[PDB]
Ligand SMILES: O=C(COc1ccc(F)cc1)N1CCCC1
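Presented as structure tokens, the chain that follows is alone, the form deposited without the ligand.
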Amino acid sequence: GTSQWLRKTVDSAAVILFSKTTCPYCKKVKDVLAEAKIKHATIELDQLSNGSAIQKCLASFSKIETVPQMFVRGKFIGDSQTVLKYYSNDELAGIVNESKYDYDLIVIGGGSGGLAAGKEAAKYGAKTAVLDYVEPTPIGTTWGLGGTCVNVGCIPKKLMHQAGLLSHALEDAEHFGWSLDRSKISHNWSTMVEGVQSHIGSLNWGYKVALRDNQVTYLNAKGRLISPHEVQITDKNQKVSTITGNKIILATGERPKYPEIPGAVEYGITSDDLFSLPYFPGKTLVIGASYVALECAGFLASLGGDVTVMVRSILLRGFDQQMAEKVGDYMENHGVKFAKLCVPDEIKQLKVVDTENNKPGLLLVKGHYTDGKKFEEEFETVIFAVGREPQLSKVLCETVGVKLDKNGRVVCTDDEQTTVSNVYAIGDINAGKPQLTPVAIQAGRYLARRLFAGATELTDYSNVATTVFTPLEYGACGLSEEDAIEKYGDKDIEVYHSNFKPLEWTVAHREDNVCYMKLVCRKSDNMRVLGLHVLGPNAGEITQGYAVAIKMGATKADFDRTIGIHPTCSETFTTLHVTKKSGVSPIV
């Protein structure tokens, strides 16, 4: 019990001190380590339930039961007297740096999870390297350190979402008494892109500064695991070399897919290219129906574009389908066109992109509908958003022994361990886990603490809240209504729901019964809230706080006994009463 925890902690920590807050011999050792700039983890035995048990188990490694005790990479180094002996004889630095490996930790992948993992490990004295390389897109787009979210994901996409939201603010401002005329204002794509890219560039630089100031080695190099402890690296001159590490974290992410049709790679683009595109896309076709597809179509339309979405089957597969249909209905009423039950067959080039005068090309898209009829129409830009995939064959040699699943993602235990004992996987490549930036960050930081500080806390992957940043935003936490009915049966599910209107929409003359919210509850478990859903402005700010209550097992009675804040959209959750079974209208 306590015995096996201690063994695992000692064998894995790079530099760890067992201590008590009251002992001045411990403070004497802490001070010496700080002066020599030796980072390390510390376990305060007087602050743990069974510290007396641990203190006695230390004797199995050190043959002493007293405190302080200092270990380096699994080896007992000395008590107080012995540590100062090493310091006074100029022997300490060599002892704390001796290792079987170049690094205590190598992180392959410099994104959300990998940077979090690497920075947290370095805090406890682990010698860490972070590798990052951005393979260019087919048209050659590349970008800096920080991963998909920072450079070509959550960050630029929400900033262009905000640019779109501000067109409605301009319209609203007239009704609230401001003297502008929305009809005579236009948008400049390249001005927006310049401001977005300047912020992304501040994040690239911030991550390099953060790694330097944590003593993490950053190599802008492509890494490949060739044996459990050996990583082959290739630099910007295709210089190939090999570095070794005790623990390995795979954190390499995914990239967009293309459909296997003529012209797709040659003449279309993905979200990877959209966020630094030097010209306005113009008349645009978006192929696919994921949250990426709908978010991009949405702000392009709000910035004045002529936008079409080609849907093969349904919107937002895997999300609550009543909510997904409301999302699409709103964007169709505000100008996005939808080609339903439709897939593409080929893309033909009619004009090459005018890279001089900063203008898109021109393309002819041919496709067909699910019953047989034909699609044919011209667009200036075609954006594919038909999913994302890893390519671990680039990253990982099959002889190493790391098990993948049928989709190509890494099969892991609940502490992120692979089938190779010293290798771990986090973020989007970890099979079966929600593919989200805060998840990757929590997994990376918690894992680093278990490896190098003796921590025990695991990452909880259940009921993680989401928000889709469509022109009207959709926040959710927990089960969709159809998944709850499937799992428990229709007779055991009760659904409370209501329309609402934001107070901000009244004077602005916006729609009465379009925003909408519901709670999906289990009758036989005290009306436990299984899933929460809201369509409305600021949906992510609305949903976040409820994710804590749902984590704690909130029931409908908990929502009822809590008082609303007025006037807000969120307060409508505190007074829901119309059930779906009753048949009463949810309108207001």
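Numbers follow the displayed sequence, beginning with 1.
Same protein, other form: the form solved in complex with the ligand, not shown, and the subject of what follows.
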Ok, 516, 319, 207, 86: which has a heavy atom sitting within 4.5 Å of the ligand in the entry with it bound? 319
Which residue among 177, 432, 94, 489 has a heavy atom within 4.5 angstroms of the ligand in the entry with it bound? 432
In the entry with it bound, is there a heavy atom of the ligand that lies within 4.5 Å of any heavy atom of residue 71, even though the partner is absent here? no
Partner proximity in the entry with it bound: residue 99 to the ligand, non-hydrogen atom cutoff 4.5 Å: no
Would residue 267 show up as a contact with the ligand in the entry with it bound if we use heavy atoms at 4.5 Å? no
With the cut-off set at 4.5 Å between non-hydrogen atoms, does residue 436 touch the ligand in the entry with it bound? yes
